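One structure is given here, and the rest of the page talks about it.
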Amino acid sequence: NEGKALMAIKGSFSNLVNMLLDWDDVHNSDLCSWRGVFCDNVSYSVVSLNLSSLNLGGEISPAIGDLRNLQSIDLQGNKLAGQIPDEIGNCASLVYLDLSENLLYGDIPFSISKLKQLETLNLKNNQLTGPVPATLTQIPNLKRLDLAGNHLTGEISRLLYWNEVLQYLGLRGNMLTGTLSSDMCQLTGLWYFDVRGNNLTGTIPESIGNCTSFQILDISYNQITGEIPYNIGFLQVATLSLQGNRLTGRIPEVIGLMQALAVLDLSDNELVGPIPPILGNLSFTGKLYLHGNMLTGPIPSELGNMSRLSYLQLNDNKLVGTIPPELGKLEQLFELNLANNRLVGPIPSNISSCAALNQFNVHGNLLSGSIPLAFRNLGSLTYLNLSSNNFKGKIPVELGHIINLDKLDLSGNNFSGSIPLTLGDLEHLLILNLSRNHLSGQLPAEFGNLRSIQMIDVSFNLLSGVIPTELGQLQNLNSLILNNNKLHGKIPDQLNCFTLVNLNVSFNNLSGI
Amino acid sequence: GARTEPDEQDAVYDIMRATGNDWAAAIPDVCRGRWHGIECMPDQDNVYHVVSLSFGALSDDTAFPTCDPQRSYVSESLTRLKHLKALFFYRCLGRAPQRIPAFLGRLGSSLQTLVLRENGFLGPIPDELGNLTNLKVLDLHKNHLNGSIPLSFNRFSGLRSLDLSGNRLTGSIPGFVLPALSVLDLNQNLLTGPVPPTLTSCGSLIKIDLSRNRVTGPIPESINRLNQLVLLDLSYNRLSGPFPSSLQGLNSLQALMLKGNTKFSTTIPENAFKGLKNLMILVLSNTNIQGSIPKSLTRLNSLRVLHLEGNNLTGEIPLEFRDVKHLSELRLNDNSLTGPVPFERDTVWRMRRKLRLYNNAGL
Amino acid sequence: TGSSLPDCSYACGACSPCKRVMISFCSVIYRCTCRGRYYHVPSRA
Numbered sequence: 028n029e030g031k032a033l034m035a036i037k038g039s040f041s042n043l044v045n046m047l048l049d050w051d052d053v054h055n056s057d058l059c060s061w062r063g064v065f066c067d068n069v070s071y072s073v074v075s076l077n078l079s080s081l082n083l084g085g086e087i088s089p090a091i092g093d094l095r096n097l098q099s100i101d102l103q104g105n106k107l108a109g110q111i112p113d114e115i116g117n118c119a120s121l122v123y124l125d126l127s128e129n130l131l132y133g134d135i136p137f138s139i140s141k142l143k144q145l146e147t148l149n150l151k152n153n154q155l156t157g158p159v160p161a162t163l164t165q166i167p168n169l170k171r172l173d174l175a176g177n178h179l180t181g182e183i184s185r186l187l188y189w190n191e192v193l194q195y196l197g198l199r200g201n202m203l204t205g206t207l208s209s210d211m212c213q214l215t216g217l218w219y220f221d222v223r224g225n226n227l228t229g230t231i232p233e234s235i236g237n238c239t240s241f242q243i244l245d246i247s248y249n250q251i252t253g254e255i256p257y258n259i260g261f262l263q264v265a266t267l268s269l270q271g272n273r274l275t276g277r278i279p280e281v282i283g284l285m286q287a288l289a290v291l292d293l294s295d296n297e298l299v300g301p302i303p304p305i306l307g308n309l310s311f312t313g314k315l316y317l318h319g320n321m322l323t324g325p326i327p328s329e330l331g332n333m334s335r336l337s338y339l340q341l342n343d344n345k346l347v348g349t350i351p352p353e354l355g356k357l358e359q360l361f362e363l364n365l366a367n368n369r370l371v372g373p374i375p376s377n378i379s380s381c382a383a384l385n386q387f388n389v390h391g392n393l394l395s396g397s398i399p400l401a402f403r404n405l406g407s408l409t410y411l412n413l414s415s416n417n418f419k420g421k422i423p424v425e426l427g428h429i430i431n432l433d434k435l436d437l438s439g440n441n442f443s444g445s446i447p448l449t450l451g452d453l454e455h456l457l458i459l460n461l462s463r464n465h466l467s468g469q470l471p472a473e474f475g476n477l478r479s480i481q482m483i484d485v486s487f488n489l490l491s492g493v494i495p496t497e498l499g500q501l502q503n504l505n506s507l508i509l510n511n512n513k514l515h516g517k518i519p520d521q522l524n525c526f527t528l529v530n531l532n533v534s535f536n537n538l539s540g541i
Numbered sequence: 050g051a052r053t054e055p056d057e058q059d060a061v062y063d064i065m066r067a068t069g070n071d072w073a074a075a076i077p078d079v080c081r082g083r084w085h086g087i088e089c090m091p092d093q094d095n096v097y098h099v100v101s102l103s104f105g106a107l108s109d110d111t112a113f114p115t116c117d118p119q120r121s122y123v124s125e126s127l128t129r130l131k132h133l134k135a136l137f138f139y140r141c142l143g144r145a146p147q148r149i150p151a152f153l154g155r156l157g158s159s160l161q162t163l164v165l166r167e168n169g170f171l172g173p174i175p176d177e178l179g180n181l182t183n184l185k186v187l188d189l190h191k192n193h194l195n196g197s198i199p200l201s202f203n204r205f206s207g208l209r210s211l212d213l214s215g216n217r218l219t220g221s222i223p224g225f226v227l228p229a230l231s232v233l234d235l236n237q238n239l240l241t242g243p244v245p246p247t248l249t250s251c252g253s254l255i256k257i258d259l260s261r262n263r264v265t266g267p268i269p270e271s272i273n274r275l276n277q278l279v280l281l282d283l284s285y286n287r288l289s290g291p292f293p294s295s296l297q298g299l300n301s302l303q304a305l306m307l308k309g310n311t312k313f314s315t316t317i318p319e320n321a322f323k324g325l326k327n328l329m330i331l332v333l334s335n336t337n338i339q340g341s342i343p344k345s346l347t348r349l350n351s352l353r354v355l356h357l358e359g360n361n362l363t364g365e366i367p368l369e370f371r372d373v374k375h376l377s378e379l380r381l382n383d384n385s386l387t388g389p390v391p392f393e394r395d396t397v398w399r400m401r402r403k404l405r406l407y408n409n410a411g412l
Numbered sequence: 001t002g003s004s005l006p007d008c009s010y011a012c013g014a015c016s017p018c019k020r021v022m023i024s025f033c034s035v036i037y038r039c040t041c042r043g044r045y046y047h048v049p050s051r052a
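Protein chains in written order, with PDB author numbering: chain A, 28 to 522, 524 to 541; chain C, 50 to 412; chain E, 1 to 25, 33 to 52.
In structure tokens:
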């Protein structure tokens with residue numbers, strides 16, 4: 028009776044009996060001992076089905092409509108093709124439907140509205156084609172709705188926002204058009220608004236300050252034009268994400284009062300004007316991504332009052348003036364990215380105080396002066412980028428004592444002297460691009476100890492001497508560019525570097541074959 | 050250095066004890082040690098007042114304080130929150146399934162949101178719930194109420210959302226002329242009579258759901274006036290009469306379902322569904338509809354779902370269904386259609402079982 | 001008017017060591040936990 032429907036279900040699952048080896052009604056009769064099926068201990072009908080993450084790869088047989096007491100159906104990962112069967116809308120006891128991570132196409136079916144007990148509709152990462160039907164409003168207990176990862180069309184009907192119990196709205200990664208309706212803020216118990224990745228035109232609703240239920244607001248990557256309203260300062264969100272759109276005007280000064288924020292994202296927008304220094308009282312935010320804009324003016328020194336900051340990205344703007352030394356105050360800073368600006372003057376020595384600094388990138392500015400020596404104290408640094416600047420002086424010896432360095436890029440500056448031998452014991456290094464400089468003298472043979480190295484470009488320098496013989500030990504180096512230098516002698520016959529796929533010795537003075 | 054108003058704080062103490070959460074008594078000040086479900090706003094004198102009071106738990110986050118299933122009750126002390134703007138009860142019971150308290154009236158001017166969802170409340174709707182003139186959102190979904198719907202409800206000149214689903218409500222649908230009303234949900238009730246005329250005077254309406262009731266009479270001619278209407282759901286009712294002359298004014302209407310009106314017994318006029326670009330879902334199944342499949346259902350651009358099953362439709366399937374590849378569900382099963390079908394192979398391969406044609410004798 | 005940190009001193013109601021908690025899904036929400044399970048804390052404007 029019920030095993031009949033379970034065997035039509037299994038009947039439509041590609042062609043594998045290895046996985047559901049269990050479902051065998053002649054040598055395993057009780058169906059409540061089968062794999063992924065569960066019967067509540069009283070009525071002893073199947074109430075829960077969990078075939079999640081097995082790849083059975085057929086269809087959802089309509090016989091699923093014949094297990095009436097199913098209140099849980101989790102069929103994720105199985106690569107089920109075809110449409111969502113209509114009969115799934117007469118398991119009225121159903122509470123929780125996860126069909127996420129499959130190859131289902133067709134529409135979200137009308138019969139879904141019959142399931143007046145349903146709480147979680149998880150159709151994530153499928154191929155459903157067609158609109159988010161208005162009838163999803165006729166499920167009074169639905170709390171998590173996510174259609175993320177589909178090819179859904181049509182607009183978001185404001186009817187969908189008149190809903191008092193909804194917790195989670197996941198719409199990311201469809202092709203939804205239209206506007207953000209100013210009735211959007213009638214989802215009074217929602218904590219997650221996600222409409223990212225669609226094609227929504229229109230401005231931000233000025234009446235968005237009433238959305239105090241929201242923990243996360245993600246409208247990013249959506250082609251939204253217009254200004255960022257003042258009432259956005261009333262939002263209680265912790266993740267404010269407005270990235271990737273066409274939001275013009277300047278950064279609302281009222282954002283300086285949104286102290287609850289934990290991730291602040293305005294990046295890849297066409298925002299102009301100065302960086303509001305009031306942001307300095309956002310003492311507890313983790314991320315500030317103002318990059319991608321046309322923000323002009325200096326970096327506010329009050330950004331050192333963001334003590335809890337861990338990810339600062341102001342790159343690719345039109346910021347001018349100096350780097351503030353107060354960035355030493357940010358003791359939690361992992362990634363500092365001020366690239367592609369117009370910053371003038373030297374790197375402050377105070378910045379050597381970010382013991383947690385992990386990425387440092389100031390490529391593409393007008394920075395001058397020398398690397399401060401106190402950079403010996405940046406031991407936690409993973410990624411060091413100072414390319415395309417007017418840095419001068421010498422490469423500090425103590426730079427070799429930043430052990431966790433795996434990407435060093437000093438290209439494009441006027442460094443002098445000979446290369447430090449301590450650069451050799453950067454055991455974890457992977458990329459070393461010191462080119463377009465004025466480096467002189469010997470090519471330090473300690474590069475034989477750069478065990479994990481991948482790409483050495485010390486080209487375009489005044490490097491004299493011979494090519495070290497130890498470079499044959501580098502069993503990971505796939506690009507060795509020594510071009511435009513002053514070296515001589517013959518090439519070592521040891522280049524035993526089976527990884528090399530790109531050598532460039534040229535415009536040198538070698539002697540041999 | 051702001052402090053709260055004392056009588057409102059004691060009101061909060063009594064309310065919280067009454068619901069079963071004694072822990073709110075240790076609190077040295079209610080509005081500075083804020084738990085999820087209580088909001089406060091200070092006035093000009095740096096004095097906090099209580100504005101939102103909510104129970105129980107829809108989940109963990111949002112986890113309002115739950116109530117004692119065996120003990121709780123609704124304290125009279127609510128009457129002392131002179132600034133209470135919203136009051137929320139969800140899956141919070143009481144010692145004995147009680148009535149809706151009448152003293153909820155006494156906070157008329159401030160209250161703008163009253164939710165009493167799934168509380169097991171017994172008995173009729175207090176009339177003095179109407180004295181809440183300033184209410185914007187009223188929800189009594191899934192209780193056990195019966196008796197009439199108070200006439201005092203047309204005293205909500207500013208109401209926005211009204212949800213009364215899941216009750217034993219008797220009598221007839223209100224003669225509302227509520228200009229601002231957006232969503233009106235009276236479904237799964239015993240309300241009878243006809244669809245009152247006054248309804249179509251509430252132009253702002255977008256959702257009208259009267260399903261699983263016993264409303265009678267035909268459907269109003271002037272339902273065009275509802276020109277903002279998104280969804281109209283009248284399934285499982287006692288409706289009858291002739292189809293309205295026109296629904297053309299009903300732009301933005303996306304979904305209309307008259308399923309289960311077994312005594313409908315009317316044909317579908319050609320011009321009924323002409324100018325409906327935005328129409329998506331049309332369920333007319335099991336309504337004893339007579340006549341032939343009108344072909345102006347073919348020119349419905351956004352139509353995805355068309356249910357006409359379990360009727361007494363007759364004739365051929367119109368050739369212009371060849372001109373329709375947008376539909377995802379088309380139910381013409383269990384009728385008496387004569388001519389053999391004119392569906393192309395694109396359509397048949399894509400639709401598969403989602404196209405129902407069985408139980409037609411002539412095909 | 002803005003927004004403020006949860007101040008999750010009193011929001012649990014049982015198991016008094018009521019803390020704030022970091023949640024990530033790189034989208035971060037504030038939660039409140041003590042012992043088992045998590046809570047909220049709020050305000051409005």
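Where is the CB? At the ideal position from N, CA and C, for every residue including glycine.
Closer than 9 Å at the beta carbon, the chain E residues around residue i
{"i": "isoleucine 76/C", "result": "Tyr10"}
{"i": "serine 101/C", "result": "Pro49, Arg51"}
Limits of the alpha helix (DSSP H) - the one that residue i falls within
{"i": "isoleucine 36/A", "result": "29-38"}
{"i": "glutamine 58/C", "result": "55-68"}
{"i": "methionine 400/C", "result": "394-400"}
For residue j and residue i, the rounded distance between their alpha carbons
{"i": "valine 264/A", "j": "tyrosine 248/A", "result": "18 Å"}
{"i": "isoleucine 259/A", "j": "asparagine 68/A", "result": "51 Å"}
{"i": "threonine 162/C", "j": "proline 373/A", "result": "58 Å"}
{"i": "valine 192/A", "j": "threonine 111/C", "result": "10 Å"}
{"i": "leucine 317/A", "j": "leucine 354/A", "result": "16 Å"}
{"i": "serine 351/C", "j": "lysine 323/C", "result": "12 Å"}
{"i": "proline 423/A", "j": "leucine 150/A", "result": "56 Å"}
{"i": "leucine 239/C", "j": "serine 214/C", "result": "11 Å"}
{"i": "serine 395/A", "j": "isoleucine 255/A", "result": "36 Å"}
{"i": "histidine 85/C", "j": "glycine 236/A", "result": "19 Å"}
{"i": "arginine 394/C", "j": "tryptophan 61/A", "result": "40 Å"}
Amino acids of chain C, ordered along the chain, whose beta-carbon sits closer than 8 Å to that of residue i
{"i": "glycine 406/A", "result": "Result: empty, since nearest Cβ-Cβ is about 39 Å, beyond 8 Å."}
{"i": "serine 50/E", "result": "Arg83, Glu88, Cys89"}
Interface partners of residue i on chain C, CB under 7 Å
{"i": "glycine 13/E", "result": "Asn70, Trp72, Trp84, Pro114"}
Closer than 8 Å at the beta carbon, the chain A residues around residue i
{"i": "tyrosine 37/E", "result": "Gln242, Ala265, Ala287, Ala289"}
DSSP bridge partner residues for residue i (one or two, in chain order)
{"i": "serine 210/C", "result": "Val186/C, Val232/C"}
{"i": "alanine 106/C", "result": "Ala112/C"}
{"i": "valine 332/C", "result": "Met306/C, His356/C"}
Chain-ordered chain C contacts of residue i [CB-CB under 9 Å]
{"i": "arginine 44/E", "result": "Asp109, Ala112"}
{"i": "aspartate 134/A", "result": "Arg353, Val354, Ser377, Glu378, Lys403"}
Residue range of the beta strand (DSSP E) that includes residue i
{"i": "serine 268/A", "result": "266-268"}
{"i": "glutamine 386/A", "result": "386-388"}
{"i": "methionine 482/A", "result": "482-484"}
{"i": "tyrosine 219/A", "result": "219-221"}
{"i": "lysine 314/A", "result": "314-316"}
{"i": "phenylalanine 138/C", "result": "135-139"}
{"i": "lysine 419/A", "result": "First-last for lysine 419/A: undefined, no H or E at that position."}
Report task. Scan the region 265-322 of chain C and note each continuous alpha helix (DSSP H) run of 4 residues or more that stays entirely inside, going in chain order. Result -> You should have found no qualifying run.
Query - Continuous beta strand (DSSP E) assignments of at least 3 residues falling wholly in the region 43-118 of chain A - result: The region 43-118 of chain A is shown to contain whole beta strand (DSSP E) runs of 3 or more residues at 64-66, 73-77, 99-101, in chain order.
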